[PDB]
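Worksheet: the structure to be examined is printed underneath.
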Amino acid sequence: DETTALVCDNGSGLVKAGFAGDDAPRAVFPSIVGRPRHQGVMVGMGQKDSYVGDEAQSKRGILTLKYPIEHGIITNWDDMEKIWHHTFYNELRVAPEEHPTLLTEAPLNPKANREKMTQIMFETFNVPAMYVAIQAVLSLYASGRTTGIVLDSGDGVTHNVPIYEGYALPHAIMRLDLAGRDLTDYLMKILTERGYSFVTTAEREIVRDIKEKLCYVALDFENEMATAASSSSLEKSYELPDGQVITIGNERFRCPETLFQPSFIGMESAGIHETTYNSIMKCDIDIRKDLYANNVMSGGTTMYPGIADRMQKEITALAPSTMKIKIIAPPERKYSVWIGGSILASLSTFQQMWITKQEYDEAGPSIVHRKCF
Amino acid sequence: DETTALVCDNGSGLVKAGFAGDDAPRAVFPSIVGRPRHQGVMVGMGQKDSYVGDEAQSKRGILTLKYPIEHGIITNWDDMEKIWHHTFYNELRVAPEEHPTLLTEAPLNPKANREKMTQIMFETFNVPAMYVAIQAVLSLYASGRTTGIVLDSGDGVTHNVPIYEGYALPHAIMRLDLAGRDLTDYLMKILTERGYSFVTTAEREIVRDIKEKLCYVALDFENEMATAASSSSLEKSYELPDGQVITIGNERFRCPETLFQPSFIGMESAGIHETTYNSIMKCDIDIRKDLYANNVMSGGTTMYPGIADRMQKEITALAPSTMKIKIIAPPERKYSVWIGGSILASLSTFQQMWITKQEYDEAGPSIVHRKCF
Amino acid sequence: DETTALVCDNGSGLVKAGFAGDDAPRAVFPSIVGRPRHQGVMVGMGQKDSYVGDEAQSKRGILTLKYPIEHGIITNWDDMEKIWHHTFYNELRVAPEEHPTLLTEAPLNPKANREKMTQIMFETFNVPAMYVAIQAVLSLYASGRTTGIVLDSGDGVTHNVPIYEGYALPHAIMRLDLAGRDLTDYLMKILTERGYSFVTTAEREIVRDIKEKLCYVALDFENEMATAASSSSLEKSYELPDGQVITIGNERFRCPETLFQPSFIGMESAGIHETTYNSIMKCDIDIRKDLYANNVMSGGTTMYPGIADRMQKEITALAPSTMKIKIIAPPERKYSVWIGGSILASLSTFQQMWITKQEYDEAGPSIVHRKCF
Amino acid sequence: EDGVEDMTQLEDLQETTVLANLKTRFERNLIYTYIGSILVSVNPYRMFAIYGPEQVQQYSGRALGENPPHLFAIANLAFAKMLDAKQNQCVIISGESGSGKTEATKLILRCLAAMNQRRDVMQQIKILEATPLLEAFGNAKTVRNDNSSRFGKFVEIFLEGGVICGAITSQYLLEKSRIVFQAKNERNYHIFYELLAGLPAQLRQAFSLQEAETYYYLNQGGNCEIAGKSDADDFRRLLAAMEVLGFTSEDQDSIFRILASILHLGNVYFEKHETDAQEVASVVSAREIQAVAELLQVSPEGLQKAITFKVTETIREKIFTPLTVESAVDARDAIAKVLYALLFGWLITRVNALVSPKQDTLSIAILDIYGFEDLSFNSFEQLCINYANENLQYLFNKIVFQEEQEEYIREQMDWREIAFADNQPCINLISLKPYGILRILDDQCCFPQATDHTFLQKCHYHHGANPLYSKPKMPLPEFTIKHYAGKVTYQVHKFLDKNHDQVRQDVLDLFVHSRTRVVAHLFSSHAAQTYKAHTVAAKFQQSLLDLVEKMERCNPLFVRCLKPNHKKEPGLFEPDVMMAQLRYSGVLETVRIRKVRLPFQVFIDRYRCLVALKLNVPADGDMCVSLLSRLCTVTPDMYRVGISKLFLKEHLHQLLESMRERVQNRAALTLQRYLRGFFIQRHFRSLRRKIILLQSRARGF
Amino acid sequence: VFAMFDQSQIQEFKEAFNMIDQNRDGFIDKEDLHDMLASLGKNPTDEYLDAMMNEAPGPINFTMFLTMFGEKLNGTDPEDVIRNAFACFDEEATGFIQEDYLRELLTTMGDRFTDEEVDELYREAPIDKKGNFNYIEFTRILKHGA
Ligand SMILES: Nc1ncnc2c1ncn2[C@@H]1O[C@H](COP(=O)(O)OP(=O)(O)O)[C@@H](O)[C@H]1O
Ligand SMILES: Nc1ncnc2c1ncn2[C@@H]1O[C@H](COP(=O)(O)OP(=O)(O)O)[C@@H](O)[C@H]1O
Ligand SMILES: Nc1ncnc2c1ncn2[C@@H]1O[C@H](COP(=O)(O)OP(=O)(O)O)[C@@H](O)[C@H]1O
Ligand SMILES: [Mg+2]
């Protein structure tokens with residue numbers, strides 16, 4: 001009885017799912033639940049009271065966009081259940097009671113989150129078996145490596161996990177709540193300097209698209225600020241969905257710099273380079289050599305052009321001058337975690353590490369804290 | 001049926017083995033058993049739960065180093081059995097049931113140690129014959145001499161054995177528990193004066209490497225202390241495995257001086273020179289002349305540059321002013337005992353002094369106390 | 001000319017000072033230097049750019065808390081100089097050039113620390129005489145004893161010092177870098193299991209207050225874990241400074257257990273009971289009897305309710321079954337070291353063991369290594 | 001003449017006795033032996049035109065008890081069984097390469113065609129012409145044979161109401177690892193060398209094929225001229241048959257183009273060239289890939305991006321990934337293997353379509369299958385071959401146990417309770433789902449930072465306690481599996497490079513849009529006919545499962561073939577070679593199935609002296625079981641003696657023989673002493689009883 | 001044992017013994033026989049008296065005397081045991097034992113006998129032309145008497 005196990009990377013801002021053994025996610029759509037707010041006047045078109053991610057993307061102008069997952073933790077459980085039901089039935093058209101499912105999670109997430117996730121996916125969808133895997137180990141699986149620090153930076157969380165030859169160092173795991181959504185909010189707040197006002201949720205997503213299509217990270221900040229406010233070479237234009245053209249100057253690269261300077265939002269934490277260096281310096285010396293030599297990336301918010309060069313420069317400035325820093329920036333930073341999950345779920349030696357229905361029924365939901373990580 | 005007998009000098013910190021008749025040990029590796037301590041996250045790389053000496057050397061950062069032999073006596077028997085099995089099969093690739101084996105031992109070791117060693121090497125590996133020889137007589141064999149006092153100072157024990165024309169004087173054998181491992185511990189405790197902290201086992205072995213590569217013994221202590229704290233000529237730099245440079249001053253030569261001044265560790269015993277002189281003065285006068293004239297060295301921890309000159313100066317200050325003291329310091333202080341064992345095991349007149357399997361089976365393990373020494 | 005000598009126990013997280021001859025420290029305040037981080041908008045209130053411990057405690061929300069002393073060693077010298085100047089002038093209102101001062105130190109601290117401490121306290125404040133005393137001997141002074149092992153566990157260091165009738169055994173001094181600050185960090189990292197996020201420095205100190213007011217040490221760990229995850233009897237509630245109520249379960253006693261199980265943070269060392277037993281077994285047998293019979297405590301981080309009973313149980317399980325273990329837990333574990341320093345500084349026979357200004361000027365700062373300990 | 005057709009009736013069954021019987025029959029010019037259901041054939045190296053059409057009427061099924069054991073009896077047996085049980089069945093031809101399997105197939109096809117008096121009229125049904133072509137496509141030189149079948153040839157002969165219809169041919173277990181890799185002193189498939197030897201000039205100037213001796217896919221063996229018996233005349237006759245099959249010249253030209261493209265792809269190298277942040281790959285010479293593109297009707301940039309870049313394509317974007325050198329080599333090897341497999345499938349499909357018979361008709365099966373292999377050093381191909389032979393040996397053991405059970409029931413009802421131990425544990429050790437060896441290998445294929453040492457260590461860990469597994473003592477890169485034919489030691493050298501048969505969808509999409517029609521059609525058909533996996537082992541297991549399902553759809557009955565000394569000596573052989581071939585075939589397991597089998601008349605005759613049986617002519621009703629108890633006090637454990645006579649078990653049999661020889665020794669001692677007593681008593685009469693009386697007369701007067 | 005004795009042949013035993021073992025160590029000499037037979041006197045001749053004895057059995061003693069008398073032939077060679085031993089090599093009721101059969105049985109198994117012993121049997125064994133020796137008459141004559 002051959003049954004491919006589903007791999008459902010339900011990230012913080014985008015849901016990436018598919019079957020195990022493929023090379024790319026079958027379905028990719030934002031994790032948004034939309035509800036209309038105005039009053040319906042045409043008799044008959046007042047029945048669809050909830051639009052899942054892509055449909056709510058198509059109809060931004062007459063409804064409100066709410067993200068069920070805020071900064072990693074699942075806030076609204078009913079919306080997340082709706083998203084899971086949609087991505088199981090209306091998107092893959094595969095009954096979830098005949099296929100095992102794999103789910104991902106941030107490292108330092110609360111425990112009630114896992115307990116409720118297991119309870120929902122065992123009681124509602126009646127999945128035969130499920131598993132919860134940290135995203136960094138899946139990123140390392142997908143990168144085809146066994147050593148190095150994973151810098152997984154989605155839009156809800158940014159965490160480092162040092163691994164050496166398969167043995168994780170759980171006391172060096174660092175997690176930051178600064179991610180892509182906060183970059184989008186800073187871009188919204190910094191675009192007002194030129195007069196463009198974005199307040200609604202649809203305008204917030206327009207700003208998100210602007211960030212994806214225009215923003216980049218510079219090697220040096222003072223030099224690039226001088227260049228921007230010394231000419232018009234860095235200015236680029238964007239077209240809003242009503243044909244209105246906007247122009248962006250030094251705001252192009254001052255949006256993603258807050259990753260290295262989180263004092264712009266007012267956070268007391270340090271940049272991603274500093275957290276990576278501190279996580280290395282929480283590990284053993286023999287570990288430290290290979291952690292220096294094998295930095296790896298993942299997550300969407302690390303796709304800014306020029307991120308690798310600057311973080312290499314910063315680590316080299318921080319690390320001792322005699323060591324070799326080599327930062328891996330594969331062109332699949334997006335959904336590398338899903339590729340790793342698909343590789344992991346296709347292993348025949350993984351068949352014994354599921355969470356069978358009998359186990360959950362006999363020992364209760366607490367076994368998700370025992371069989372994971 | 002020509003069968004070369006194995007010679008396995010299982011010292012206190014390093015295992016040096018090979019075939020009889022060679023001129024150097026075939027295999028040299030530390031006697032360490034390593035076990036991982038963290039949690040494995042990659043499915044599949046959680047099977048190798050014990051690393052023998054060299055493999056555990058390569059992977060210090062994710063496992064704990066335990067020495068089965070502490071201060072000469074064999075503490076953990078299972079780890080020592082694992083080391084023997086490794087050095088027989090995975091290192092020499094020679095079946096131990098077809099070759100006789102020779103083993104070394106400290107002079108004043110307990111008797112249960114010998115009984116259990118014989119029991120293990122007869123019941124597990126089914127060796128046709130084995131023998132246990134004191135290390136000092138093998139050192140004298142390797143030095144090509146028949147008189148003099150052997151100062152065998154490994155990293156677990158430091159003992160003197162006076163021999164005159166092949167007749168040992170068992171009432172003049174002195175044994176000290178101060179050896180190289182205690183020097184390494186003192187170096188760890190004395191490096192904190194400059195701020196370097198070494199606590200783990202891997203850091204302990206880094207300190208051991210520092211001791212091997214930098215430490216020396218001075219002729220005069222007060223003069224060299226004044227010179228060290230009067231200039232920077234004695235300062236040398238070392239590079240840790242993460243590119244971090246450390247600087248060592250007067251700690252360079254104050255680590256191996258505790259051999260001559262064991263009050264630094266708090267021991268009530270006297271230095272190696274004093275024990276050698278007292279061992280001589282426990283012998284007959286006609287013996288004393290040749291013991292004065294023929295001091296010899298062995299063991300790793302006597303390889304410090306300047307040990308011979310200082311111990312010559314100290315013996316000359318102790319001995320009567322009219323006698324000639326000549327200390328032999330051959331450049332093979334390391335594994336001189338193995339060279340002597342190889343010479344001894346290759347003699348055709350030695351064939352009758354083995355411990356055959358029939359003898360052990362008929363008379364029990366107690367014959368190891370009868371046919372040895 | 002009667003001049004009481006100041007006693008300034010500048011610990012790792014709290015400064016406890018006063019005059020000699022009193023029974024309690026005159027001034028107690030955290031050793032924190034705070035600096036504002038936001039931008040000032042009101043003209044005039046932008047001059048106070050540095051707040052010393054208590055003022056920085058009052059204004060946590062608009063500034064960053066930095067501890068000058070990290071794990072015993074003094075990292076930032078200017079901040080420590082500011083703290084000393086504050087505790088001399090703005091807190092005791094006593095000119096330091098007319099009173100001798102006594103300072104404490106960890107046993108195995110670096111030497112440049114002492115040299116710079118003496119240089120600062122002789123050149124800046126122009127103190128007539130100063131002295132540096134180990135904290136364990138002062139704890140024994142305050143306990144009114146002359147034998148036993150002192151377990152001084154501040155928030156920066158945890159060290160044992162065996163003393164028998166006034167003669168210290170310097171080769172049995174053990175020092176661990178696991179202390180109260182690492183317990184606070186573990187509590188911060190373990191509170192995320194329930195969803196409470198503490199990242200800033202002010203939130204770190206809120207967690208410290210939680211640890212002080214709620215944490216305890218249990219006799220048995222498995223039994224108490226079962227009891228905690230079998231009922232709600234151990235759950236207690238705490239009120240954050242904004243009226244938000246938090247609930248703590250099994251995290252209440254799993255924070256201070258890492259003292260006995262330092263593998264939770266990943267350290268390779270052993271618990272405080274194991275280090276105490278090993279320090280005893282590094283001493284002579286006649287010493288060992290009285291060291292068994294006279295264990296004593298000090299330091300703030302030993303004030304957890306139930307620490308004495310568990311460490312008594314562990315020592316009794318480790319020590320031979322026929323000996324009597326009696327652990328002294330006086331109700332002044334906090335600032336017992338200061339009481340001992342006040343007793344020591346008030347002795348008229350101590351007048352000849354100061355470090356006079358003429359001595360330092362003629363022989364240089366190196367005499368602090370000669371007249372101390 | 002010396003029949004011994006059924007060796008079950010002998011006193012005991014040993015491999016020595018079986019070897020002696022086969023030697024005696026071979027010296028009697030007898031090849032086939034009728035061991036009940038099973039048949040055994042030996043290659044004679046002797047051209048035996050046994051009879052002609054008369055043998056069908058001479059060796060039919062009416063007198064199987066008196067007819068000589070012959071290969072052609074199964075021809076009538078098949079019809080007799082299908083006309084009675086109304087169920088078609090299958091016949092397999094198994095044996096080592098060179099054991100006359102093709103000759104046996106030709107003989108059985110001739111006999112089936114000659115039994116209906118119609119083949120002379122409908123000989124135009126073009127059946128066996130392509131056998132040499134499928135041979136050139138499916139055979140290759142091995143270190144022990146210059147003609148070895150490396151694919152599971154399957155020919156289905158269709159029948160409807162006694163009328164012989166057309167035939168359908170198929171391949172099951174072709175080894176795709178041979179195309180790109182080959183051991184020492186062996187070579188690739190014969191047709192590459194045949195094409196390179198029979199290549200006309202116009203292909204030499206047009207196609208760049210002047211490096212026939214330096215292609216990487218071919219020079220790996222180290223010596224390609226050992227097969228010098230083959231020549232360009234084989235190519236000429238192959239082309240003659242190829243044209244006979246109705247193929248136009250365009251099809252042959254396209255086939256040669258694909259083969260030349262594969263050979264050119266063999267000669268492609270990569271360089272560890274630096275790039276943005278790593279060192280990944282770079283094509284050394286672009287002229288070769290350009291030439292590949294010219295003769296394949298496809299873009300060259302497509303091949304560059306399909307063998308250099310990895311394509312991870314989602315709905316909204318398509319991302320290109322640089323590849324490592326090993327990954328590029330694996331992709332190239334996968335492309336070559338899939339091209340060769342598609343060519344073979346296309347040719348088989350066309351051949352079947354040319355002579356396609358009616359549907360929903362009766363069918364008899366002929367299966368040409370591998371032989372058990374045990375070389376000096378063993379690799380992945382030998383492991384797969386051994387696994388397939390293990391499955392077939394399991395089926396054969398099931399058949400033998402079924403025959404034993406039906407015989408036992410035919411004697412008495414109550415011996416169906418006798419049990420039997422199969423080789424299922426070996427099959428589980430090889431390919432059980434959770435922790436099979438092939439499953440571990442498949443997991444190691446995709447696992448990050450994997451090598452041969454890690455795979456070997458994991459196999460050692462998971463199978464330490466398995467009795468069939470045998471960890472080597474020395475730290476050697478080997479392991480030993482206990483097959484039914486004995487211990488086989490494999491080498492884990494280069495397993496990970498023999499399984500990376502990963503073909504991304506972009507390659508298939510590129511080859512669909514090719515300008516030539518044949519390649520586009522083949523790839524479109526492959527995409528249309530296509531759950532699966534991406535390793536050679538997984539595809540081999542899937543094909544083996546399909547073959548097992550096809551076999552279990554019908555009734556299995558087959559025949560084994562053995563080989564004399566491989567020096568092509570007619571009528572001369574070594575008994576050790578016979579022992580080796582008997583062990584490899586699997587007929588030795590029949591002795592283990594016998595476990596007891598001894599007669600009753602032996603007890604009737606030569607077991608009476610013990611109690612000195614007073615009576616004569618004992619019947620079966622004589623006190624027999626208790627008799628032994630009264631002579632050896634052995635509990636009744638013989639199955640049953642009676643008339644149904646297969647009861648005496650081996651160890652009790654040897655005990656009885658030892659007792660018999662001891663009794664004979666004591667009786668001989670008694671006879672010796674009795675003769676001595678008689679001689680002395682003669683001596684007594686002589687010296688007094690016939691002398692003193694004479695002396696009385698002498699003194700008398 | 002003498003407890004059960006076949007007195008028919010005890011007279012033969014005593015005669016043979018008193019002719020072979022006499023009031024001496026055990027040696028049997030021409031003197032005893034010659035005296036007991038013709039001590040009166042016979043003139044010497046050499047017609048057939050140049051070779052008398054060549055196959056002496058061995059030494060004799062009174063202890064060996066009694067042991068041999070008890071063991072060797074007293075009530076031995078039972079008829080049923082004779083039939084059993086002779087038929088152990090035979091399946092036919094009539095006891096046809098092929099002469100060659102016994103030839104290999106004696107010269108191939110156990111301690112080897114010589115063809116001279118086989119001839120000794122044949123020189124007294126009644127055997128049919130085909131070589132199938134029988135033993136019913138053998139037992140009859142052996143048990144009947146002299
Ligand atoms: N090409 C890009 N450039 C910059 N930012 C991107 C790009 N693609 C995605 N992002 C950012 O990454 C965030 C989430 O991406 P991803 O990591 O794929 O999902 P998740 O965070 O759920 O794992 C989005 O909020 C988006 O702003
Ligand atoms: N070149 C060297 N200089 C100083 N110390 C050394 C040197 N080589 C080895 N040692 C010390 O000798 C100790 C053991 O060496 P050796 O005597 O060869 O092994 P064993 O003590 O087992 O016989 C080690 O702990 C090491 O510290
Ligand atoms: N009542 C208490 N219960 C638990 N922990 C305490 C208590 N009081 C103080 N501590 C801990 O002791 C640490 C320092 O206390 P103390 O030893 O008095 O200062 P220092 O370490 O500078 O000598 C603080 O970090 C605090 O966490
Ligand atoms: Mg992500």
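Just remember, in the structure tokens the first chain shown is A, the second B, etc., residues are 1-based per chain, and ligands are 1-based in the order shown.
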Q: Dump the neighbourhood of ligand 2 as JSON, numbers by chain: all residues within 6 Å, distances computed on only C-alpha atoms and all ligand atoms.
A: {"B": [11, 12, 13, 14, 154, 155, 180, 181, 208, 212, 299, 300, 301, 303, 304, 334, 335]}
With N, CA and C atoms retained, export the selected residues as a PDB file, in the first residue's frame.
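Result file follows (again-v4.pdb):
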ATOM      1  N   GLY B  11      49.866   2.082  27.405  1.00  0.00           N
ATOM      2  CA  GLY B  11      50.243   3.003  28.457  1.00  0.00           C
ATOM      3  C   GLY B  11      49.053   3.653  29.133  1.00  0.00           C
ATOM      4  N   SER B  12      49.298   4.728  29.877  1.00  0.00           N
ATOM      5  CA  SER B  12      48.231   5.370  30.627  1.00  0.00           C
ATOM      6  C   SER B  12      47.470   6.411  29.822  1.00  0.00           C
ATOM      7  N   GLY B  13      48.058   6.943  28.753  1.00  0.00           N
ATOM      8  CA  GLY B  13      47.375   7.941  27.955  1.00  0.00           C
ATOM      9  C   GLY B  13      47.455   7.719  26.460  1.00  0.00           C
ATOM     10  N   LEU B  14      48.312   6.796  26.026  1.00  0.00           N
ATOM     11  CA  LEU B  14      48.497   6.513  24.611  1.00  0.00           C
ATOM     12  C   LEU B  14      48.750   5.025  24.434  1.00  0.00           C
ATOM     13  N   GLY B 154      55.549   8.097  32.435  1.00  0.00           N
ATOM     14  CA  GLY B 154      54.449   8.280  31.513  1.00  0.00           C
ATOM     15  C   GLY B 154      53.551   9.410  31.966  1.00  0.00           C
ATOM     16  N   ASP B 155      52.288   9.343  31.544  1.00  0.00           N
ATOM     17  CA  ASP B 155      51.289  10.312  31.972  1.00  0.00           C
ATOM     18  C   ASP B 155      50.375   9.763  33.058  1.00  0.00           C
ATOM     19  N   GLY B 180      52.309  13.091  33.721  1.00  0.00           N
ATOM     20  CA  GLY B 180      51.974  14.111  32.744  1.00  0.00           C
ATOM     21  C   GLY B 180      50.562  14.646  32.856  1.00  0.00           C
ATOM     22  N   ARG B 181      49.599  13.791  33.203  1.00  0.00           N
ATOM     23  CA  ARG B 181      48.222  14.257  33.317  1.00  0.00           C
ATOM     24  C   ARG B 181      48.075  15.294  34.420  1.00  0.00           C
ATOM     25  N   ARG B 208      46.751  20.171  26.788  1.00  0.00           N
ATOM     26  CA  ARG B 208      47.785  19.149  26.649  1.00  0.00           C
ATOM     27  C   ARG B 208      48.664  19.418  25.434  1.00  0.00           C
ATOM     28  N   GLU B 212      52.690  20.158  25.290  1.00  0.00           N
ATOM     29  CA  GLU B 212      53.631  19.434  24.442  1.00  0.00           C
ATOM     30  C   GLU B 212      54.422  20.375  23.543  1.00  0.00           C
ATOM     31  N   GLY B 299      59.743   7.165  28.744  1.00  0.00           N
ATOM     32  CA  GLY B 299      58.452   7.796  28.911  1.00  0.00           C
ATOM     33  C   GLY B 299      58.341   9.122  28.183  1.00  0.00           C
ATOM     34  N   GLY B 300      57.099   9.470  27.844  1.00  0.00           N
ATOM     35  CA  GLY B 300      56.863  10.692  27.095  1.00  0.00           C
ATOM     36  C   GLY B 300      57.196  11.945  27.883  1.00  0.00           C
ATOM     37  N   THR B 301      56.776  11.998  29.145  1.00  0.00           N
ATOM     38  CA  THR B 301      56.852  13.219  29.938  1.00  0.00           C
ATOM     39  C   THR B 301      58.269  13.597  30.333  1.00  0.00           C
ATOM     40  N   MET B 303      60.419  14.301  27.816  1.00  0.00           N
ATOM     41  CA  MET B 303      60.871  14.882  26.563  1.00  0.00           C
ATOM     42  C   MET B 303      60.957  16.400  26.604  1.00  0.00           C
ATOM     43  N   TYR B 304      60.722  17.013  27.757  1.00  0.00           N
ATOM     44  CA  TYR B 304      60.826  18.461  27.850  1.00  0.00           C
ATOM     45  C   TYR B 304      62.266  18.896  27.588  1.00  0.00           C
ATOM     46  N   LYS B 334      59.963   8.673  24.064  1.00  0.00           N
ATOM     47  CA  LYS B 334      58.678   8.108  23.696  1.00  0.00           C
ATOM     48  C   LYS B 334      58.892   6.739  23.070  1.00  0.00           C
ATOM     49  N   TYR B 335      58.024   5.797  23.438  1.00  0.00           N
ATOM     50  CA  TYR B 335      58.041   4.429  22.917  1.00  0.00           C
ATOM     51  C   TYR B 335      59.441   3.820  22.863  1.00  0.00           C
TER      52      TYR B 335
END
Q: Provide as a PyMOL selection string the residues of chain C at most 6 Å from chain B, counting only C-alpha atoms.
A: chain C and resi 110-111+171
Would you mind exporting N, CA, C and O atoms of the selected residues as an mmCIF file, in the first residue's frame?
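Result went into out_29.cif, see below:
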data_model
loop_
_atom_site.group_PDB
_atom_site.id
_atom_site.type_symbol
_atom_site.label_atom_id
_atom_site.label_comp_id
_atom_site.auth_asym_id
_atom_site.auth_seq_id
_atom_site.Cartn_x
_atom_site.Cartn_y
_atom_site.Cartn_z
ATOM 1 N N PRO C 110 41.672 36.398 37.087
ATOM 2 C CA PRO C 110 42.933 36.822 36.468
ATOM 3 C C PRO C 110 43.683 37.820 37.339
ATOM 4 O O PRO C 110 43.152 38.394 38.289
ATOM 5 N N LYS C 111 44.951 38.022 36.988
ATOM 6 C CA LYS C 111 45.835 38.886 37.762
ATOM 7 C C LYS C 111 45.777 40.341 37.319
ATOM 8 O O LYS C 111 45.916 41.247 38.156
ATOM 9 N N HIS C 171 45.049 23.602 46.385
ATOM 10 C CA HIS C 171 44.942 22.646 45.293
ATOM 11 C C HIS C 171 43.585 21.963 45.239
ATOM 12 O O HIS C 171 43.348 21.159 44.333
#
**Q.** chain D residues near chain B (8 Å cut-off, only C-alpha atoms) as an MDAnalysis selection string
**A.** chainID D and resid 458 461 473:475
Given the selection you just returned, output its residues as a file containing N, CA, C and O atoms, formatted as a PDB file, in the first residue's frame.
ATOM      1  N   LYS D 458      25.629   1.501   8.223  1.00  0.00           N
ATOM      2  CA  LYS D 458      24.211   1.376   8.543  1.00  0.00           C
ATOM      3  C   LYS D 458      23.703  -0.038   8.293  1.00  0.00           C
ATOM      4  O   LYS D 458      22.921  -0.566   9.097  1.00  0.00           O
ATOM      5  N   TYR D 461      24.858  -2.101  11.194  1.00  0.00           N
ATOM      6  CA  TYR D 461      24.092  -1.859  12.411  1.00  0.00           C
ATOM      7  C   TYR D 461      22.731  -2.540  12.357  1.00  0.00           C
ATOM      8  O   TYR D 461      22.357  -3.261  13.288  1.00  0.00           O
ATOM      9  N   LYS D 473      35.055  -9.815   9.774  1.00  0.00           N
ATOM     10  CA  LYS D 473      35.824  -9.568  10.989  1.00  0.00           C
ATOM     11  C   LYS D 473      36.720  -8.346  10.824  1.00  0.00           C
ATOM     12  O   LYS D 473      36.657  -7.399  11.615  1.00  0.00           O
ATOM     13  N   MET D 474      37.562  -8.351   9.796  1.00  0.00           N
ATOM     14  CA  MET D 474      38.413  -7.213   9.519  1.00  0.00           C
ATOM     15  C   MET D 474      37.563  -6.024   9.077  1.00  0.00           C
ATOM     16  O   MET D 474      36.450  -6.198   8.579  1.00  0.00           O
ATOM     17  N   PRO D 475      38.063  -4.802   9.252  1.00  0.00           N
ATOM     18  CA  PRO D 475      37.325  -3.635   8.752  1.00  0.00           C
ATOM     19  C   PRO D 475      37.358  -3.546   7.237  1.00  0.00           C
ATOM     20  O   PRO D 475      37.969  -2.634   6.671  1.00  0.00           O
TER      21      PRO D 475
END
Q: Write out as a list in words the residues lying within 10 Å of residue C:306, counting only C-alpha atoms and excluding same-chain residues fewer than 6 positions away.
A: residues 216, 217, 218 and 219 of chain C
Go ahead and dump the residues you just picked, C-alpha atoms, as an mmCIF file, in the first residue's frame.
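Result saved to out38.cif:
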data_model
loop_
_atom_site.group_PDB
_atom_site.id
_atom_site.type_symbol
_atom_site.label_atom_id
_atom_site.label_comp_id
_atom_site.auth_asym_id
_atom_site.auth_seq_id
_atom_site.Cartn_x
_atom_site.Cartn_y
_atom_site.Cartn_z
ATOM 1 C CA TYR C 216 12.510 26.740 44.772
ATOM 2 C CA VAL C 217 14.539 23.522 44.766
ATOM 3 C CA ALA C 218 12.779 20.199 45.253
ATOM 4 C CA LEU C 219 14.106 17.129 47.044
#
Q: Return as number ranges by chain the residues of protein, DNA or RNA that approach ligand 4 to within 12 Å, with only C-alpha atoms and all ligand atoms taken into account.
A: A: 8-17, 71-72, 103-106, 134-136, 138-139, 150-159, 179-180, 297-303, 332-341
